[PDB]
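# Chain and residue survey
Below are the chains, spelled out letter by letter.
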Amino acid sequence: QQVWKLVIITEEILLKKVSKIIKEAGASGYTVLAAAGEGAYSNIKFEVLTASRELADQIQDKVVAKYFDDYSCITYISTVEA
Amino acid sequence: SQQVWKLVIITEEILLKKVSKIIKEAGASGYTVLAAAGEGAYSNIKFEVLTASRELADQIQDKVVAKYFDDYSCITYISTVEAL
Amino acid sequence: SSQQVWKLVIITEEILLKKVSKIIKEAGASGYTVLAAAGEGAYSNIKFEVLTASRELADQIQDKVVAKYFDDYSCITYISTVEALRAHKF
Ligand SMILES: Nc1ncnc2c1ncn2[C@@H]1O[C@@H]2COP(=O)(O)O[C@H]2[C@H]1O
Ligand SMILES: Nc1ncnc2c1ncn2[C@@H]1O[C@@H]2COP(=O)(O)O[C@H]2[C@H]1O
Ligand SMILES: Nc1ncnc2c1ncn2[C@@H]1O[C@@H]2COP(=O)(O)O[C@H]2[C@H]1O
């Protein structure tokens with residue numbers, strides 16, 4: 001019941017593209033919340049729970065490779081108990 | 001100092017008052033709600049409830065899941081954090 | 001391939017947005033995220049999330065906000081750890 005929580009915080013423009021990467025990669029779902037900040041609720045925070053670290057890592061590695069340079073994004077991973 | 005538990009519940013908006021009732025009636029210090037959307041559209045809510053005792057978190061959790069999980073789209077998980 | 005970073009959360013009334021933001025930046029944080037929130041102790045609270053690679057940085061921010069506002073406003077704070085890619089700077 002120990003799963004991994006992937007977080008992606010990125011510009012709101014990427015809502016469909018990032019949720020595509022999540023859905024296709026095989027995640028059972030995702031959560032998304034409106035967010036603001038610096039680095040106006042112009043961003044979104046993705047939360048993807050996955051049964052395996054490797055899946056979380058694969059989603060993050062694709063999102064980062066495709067979008068980290070041309071859009072402002074951060075991402076991190078933690079573990080939770082389900 | 002002091003390790004507390006973070007119970008997260010994600011359910012749809014209409015359970016807001018019934019779930020908050022369960023949290024308060026279980027004797028939690030309080031709770032935090034954020035608006036959220038997702039797939040498993042922004043008419044779901046995310047509860048976060050922090051508790052000194054994993055006991056308290058687990059009861060609140062089972063009582064919510066018993067009453068509503070089968071009939072409503074709903075997820076939950078627990079982690080630990082460091083409070084003051 | 002991963003590095004430990006600390007995540008500081010502060011939940012306060014929305015009116016404290018400008019003051020708390022300024023305390024985060026003045027301590028040298030690379031950034032912060034804010035979400036709108038409601039709760040009990042409609043979305044008239046705010047949740048800050050501040051990631052940093054030094055627990056000392058997180059401790060300074062937390063100590064200053066607690067000292068300044070936790071008497072006069074209803075707030076909570078906590079800290080946990082997360083993992084980030086080494087390639088990223090926090
Ligand atoms: N794997 C997952 N990761 C993160 N959030 C999820 C996951 N599965 C379900 N959820 C959340 O739980 C909610 C249940 O109802 P919804 O499908 O409307 O929206 C869902 C998401 O917000
Ligand atoms: N035990 C708890 N778990 C989660 N959040 C809390 C808890 N106690 C207080 N809070 C949050 O702290 C906030 C302080 O102001 P409010 O009472 O408006 O709303 C409160 C909640 O958002
Ligand atoms: N150190 C940090 N802690 C928390 N959030 C951050 C940090 N750095 C950047 N962010 C978030 O990542 C977002 C990236 O785009 P923005 O610059 O619009 O706003 C940023 C913040 O919301």
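Its PDB record attributes the structure to X-ray crystallography, giving the resolution as 2.020 Å.

The PDB entry annotates chain C as Carbon regulatory PII-like protein SbtB of Cyanobium sp. PCC 7001. The title assigned to this entry in its PDB record is "Carbon regulatory PII-like protein SbtB from Cyanobium sp. 7001 bound to cAMP".

Chain A has the name Carbon regulatory PII-like protein SbtB in the PDB entry, where Cyanobium sp. PCC 7001 is given as its organism.

The next point concerns the interface of chain C and chain B. With 17 residues of chain C at the interface, the matching set in chain B holds 17 residues. Taking both partners together, chain C and chain B bury about 1300 Å²; carbon and sulfur atoms supply 52% of that area. Summed over the three residues of chain C that lose the most area to chain B, namely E40, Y43 and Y78 of chain C, the buried surface amounts to 39% of that side. Counting every contact that joins chain C to chain B gives three salt bridges. Linking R55 of chain C and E82 of chain B is a salt bridge whose minimum nitrogen-to-oxygen distance equals 2.5 Å. Here chain C is connected to chain B by eight residue pairs in polar contact. Among the elements of the structure, β2 (32-40), α2 (55-69) and β4 (76-85) of chain C are those that each provide at least two residues to the side of chain C that touches chain B. Top element by residues in the side of chain C that touches chain B is β2 of chain C. It accounts for six residues. Grouping the constituent residues of the side of chain C that touches chain B by class yields nine nonpolar, five polar and three charged. Examined bridge by bridge, strand β2 (residues 31-39) of chain B and β2 of chain C share three bridges and lie antiparallel to one another.

What follows is about the interface of chain C and chain A. Every contact between the two is made by 20 residues of chain C and, on the other side, 20 residues of chain A. Buried area between chain C and chain A, both sides added, is near 1500 Å², and the carbon and sulfur share of it is 54%. The interface formed by chain C and chain A includes three salt bridges. Between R53 of chain A and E83 of chain C there is a salt bridge whose closest N-O contact spans 3.1 Å. Summed over the shared surface of chain C and chain A, the number is eight residue pairs in polar contact. Elements with a contribution of two residues or more to the side of chain C that touches chain A: β1 (2-13), β2, β3 (45-52) and β4 of chain C. Grouping the constituent residues of the side of chain C that touches chain A by class yields ten nonpolar, six polar and four charged. As judged from the three bridges shared by strand β2 (residues 30-38) of chain A and β2 of chain C, these two strands associate in the antiparallel manner. Paired with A36 of chain A across the strands is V34 of chain C, a residue of β2 of chain C.

The next point concerns the packing of helix α1 (residues 15-25) of chain A against helix α2 (residues 53-67) of chain A. All names here are of chain A. One can describe the packing of α1 onto α2 by two numbers: an axis separation of 10 Å at closest approach and a directional angle of 145°. Handedness of the crossing formed by α1 with α2: right-handed. In this structure, α1 contributes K17, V18, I21, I22 and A25 to the contact, and α2 contributes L55, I59, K62, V63, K66 and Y67. Across the contact of α1 with α2, the residue classes break down as eight nonpolar, no polar and three charged.

Rules of the game
Residues numbered from 1 in each chain as written, not as in the entry; some residues may be left out. Chains lettered and ligands numbered in written order. Heavy atoms only, no water. Contact = heavy atoms within 4.5 Å. Buried area = accessible area lost by both parts, 1.4 Å probe. Salt bridge = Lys/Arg side-chain N within 4 Å of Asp/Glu carboxyl O. Polar contact = N/O pair within 3.5 Å; in protein donor to acceptor, adjacent residues only side chain to side chain. Helix = DSSP H or I, 4+ residues; strand = E, 2+ residues; numbered from the N terminus. Nonpolar A, V, L, I, M, F, W, Y, C, P; charged D, E, K, R; others polar. Pairing = 2+ DSSP bridges. Axes fitted to C-alpha atoms, helices over the stretch in contact; angles between N-to-C directions. Left-handed = near helix turned anticlockwise from the far one by under 90°.

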